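What follows is one chain in structure tokens, specifically the form deposited in one PDB entry.
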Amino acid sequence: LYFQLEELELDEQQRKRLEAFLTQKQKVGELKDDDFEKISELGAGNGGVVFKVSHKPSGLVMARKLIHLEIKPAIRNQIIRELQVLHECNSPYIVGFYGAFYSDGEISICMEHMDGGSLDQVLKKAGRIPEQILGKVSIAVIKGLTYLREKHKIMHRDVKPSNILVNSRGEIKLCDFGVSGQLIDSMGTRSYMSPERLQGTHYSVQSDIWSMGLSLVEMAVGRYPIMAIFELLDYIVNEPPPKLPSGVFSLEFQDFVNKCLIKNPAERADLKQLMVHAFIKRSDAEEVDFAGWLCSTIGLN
């Protein structure tokens, strides 16, 4: 293989893992319904359901997300066409993609199976995720958001613990970002939307920053930090943002989440500021055995 991964920084471990995934992907060509065998259900959200499957031609285990959309065949063909751009999203912080196709009123998004599941699933088992672990998660999210913005000019639009995936090798990656404008158009009482997004305002990277801030507060405290549908959104829009409890969390992490949750999107931190925040600088220097922690608290082999 003739890798063109020079644009990425990549340490040796990151390079070896990304090349190993892209090498396995070479076993995968055109994707068809008949070529899959369902193993189990990974989870289900609002948009669809995701299955752990076996791709029979390649022998690869994959995560297959199915989204029910039996609409005008021309508009769904544009969705599928736009989803092919996921073939160009190669990053240590973005879940690997195999292909997207349509069959029997369902669009399938086939991706790399992340054996540690999502952070909302690990949150259930862990109770609360330690600050040191959230440090590495925060790095992964900022770096993934940066890659999507700089390289493909795409905003995530769906940052939350269920869209942050982990594995036994200690990798933290984003999935379910807004790569297809038509999929967004053609498409809970726990909301991660920024106060300006809930009011109407055009999507900005600042809206993903808020979403990340709220997700970190929930993972650190073990509960959604804000019930009745309108009551919940009225609190996000009209009441002060939540804060981390003092004493239990360092001043750097409290300042980091505070900067993400600033109601004013102009005052709110941007990715460049967050990458050089003291919480990130501190977390980057720390030696945190993320894989050891993940495997021991969720019982992964």
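We call the rigid core whatever largest set of C-alpha positions still superposes within 1.5 Å between the two forms. Don't overthink the numbering: it's just position in the shown sequence, from 1.
This next part talks about the form deposited in another entry, which is not shown.
Candidate set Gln132, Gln78, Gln121, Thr146; criterion, C-alpha shift of 2 Å or more between this form and the one not shown after rigid-core fit; matching residue, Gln78. After superposition on the rigid core, displacement of the C-alpha of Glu218 between this form and the one not shown stays below 2 Å. With the core superposed, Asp176 shows a C-alpha displacement of at least 2 Å between this form and the one not shown. After superposition on the rigid core, displacement of the C-alpha of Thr201 between this form and the one not shown amounts to 2 Å or more. Whereas the displayed form keeps them at a certain spacing, the CA atoms of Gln182 and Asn163 lie at least 3 angstroms closer in that other deposited form. CA of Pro161 to CA of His87: closer by 3 Å or more in that other deposited form than in the shown form.
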